[PDB]
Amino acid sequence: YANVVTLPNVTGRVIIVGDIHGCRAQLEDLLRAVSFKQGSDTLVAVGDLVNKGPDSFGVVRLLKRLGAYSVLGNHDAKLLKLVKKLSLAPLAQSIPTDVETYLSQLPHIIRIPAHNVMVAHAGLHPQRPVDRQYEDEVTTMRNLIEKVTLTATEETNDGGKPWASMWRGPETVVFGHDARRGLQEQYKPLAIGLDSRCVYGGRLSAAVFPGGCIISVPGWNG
C-alpha cells in the first residue's frame, strides 16, 4: 500500500504548501509571506515539485537545504518512473543524482498528529484505513462515485462528487493536485485543497498550523 510517515514530535508551527511545479521564485515569495523561520517552523509540500515551471531542480534543492518534508505527487511519480527506464521526457534526461534522490525518498502520506492533520497529494479514500490506502488513488483522485462502496477516480466525466466532500475526519486532510478546482475551502475544517494553480498563473497557497489559515502570493505569470 501507500507509504505513511508519522511526525509525533512536530508540535511547533507547521507550513503546508500547494503544488509548486518548479515555481521557485514563487516559493521564495511565499516563505517571506509567512515569515518562515528555519530551525523553528517545519515545511511540508503536497507534492508535484517538478514539471511545467521554469526551475524544477532549484525547487527540490531549496526544499532539501531547508530540511523540508513533502509527499509524492503524481508528476514526481511519473518522472521517477520515466527515469528508472534508463514534458517529463526532457526532465528525465537532465535530472541530477541529488534531485532524483530527494524525490525517491518521499512518502505518499504524512501524519502530523499534534495539529490533527494529514497530508496526501490528491486525497484519501474515506472508506479505507490510512495505512491501507493505494498509491494510484492518493496521488490522482478528483472524484468518488457510488458503485468498499465508492470508486476513486482521476477523471471527472464519469460522474460522482468531488472526493473532499465525502471526507469525514476526524483528521483535517490537506492536499493539492486538483488545479481545475482551485483553492477548496468549503470543507473546512475537515479538509483543505491548496492547489490554487501557481504554475498556470494563479497563486501559491499555504495552510498554517495551528489555526489552519491560508496565506498566498501571486503565481507565475509565465
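All residue numbers are counted from 1 along the displayed sequence.
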Classify the number of deposited-sequence residues missing from the model between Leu86 and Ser87: none, 1 to 3, 4 to 9, or 10 or more.
-> 10 or more
Mind giving me a quick count class for deposited residues absent from the model between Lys147 and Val148? Options are none, 1 to 3, 4 to 9, 10 or more.
-> 4 to 9
As the entry reports it, the stretch among 166-174 and 32-40 with higher mean C-alpha B factor is 32-40
Look up the CA B-factors in the entry and say which stretch, 91-99 or 135-143, has the higher mean.
-> 91-99
Looking at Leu63, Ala179, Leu49, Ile192, which has the highest CA B-factor as recorded?
-> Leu63
Within this chain's modelled residues, let me know which third the CA B factor of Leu80 belongs to: lowest, middle or highest.
-> middle
Ranked by Cα temperature factor within the chain, is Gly212 in the lowest third, the middle third or the highest third?
-> highest
What third of the chain, by the recorded C-alpha B-factor, contains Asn116?
-> lowest
Sort the modelled residues of this chain by their C-alpha B factor and say whether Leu106 lands in the lowest, middle or highest third.
-> middle
For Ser196, the third of its chain by CA B-factor is the lowest
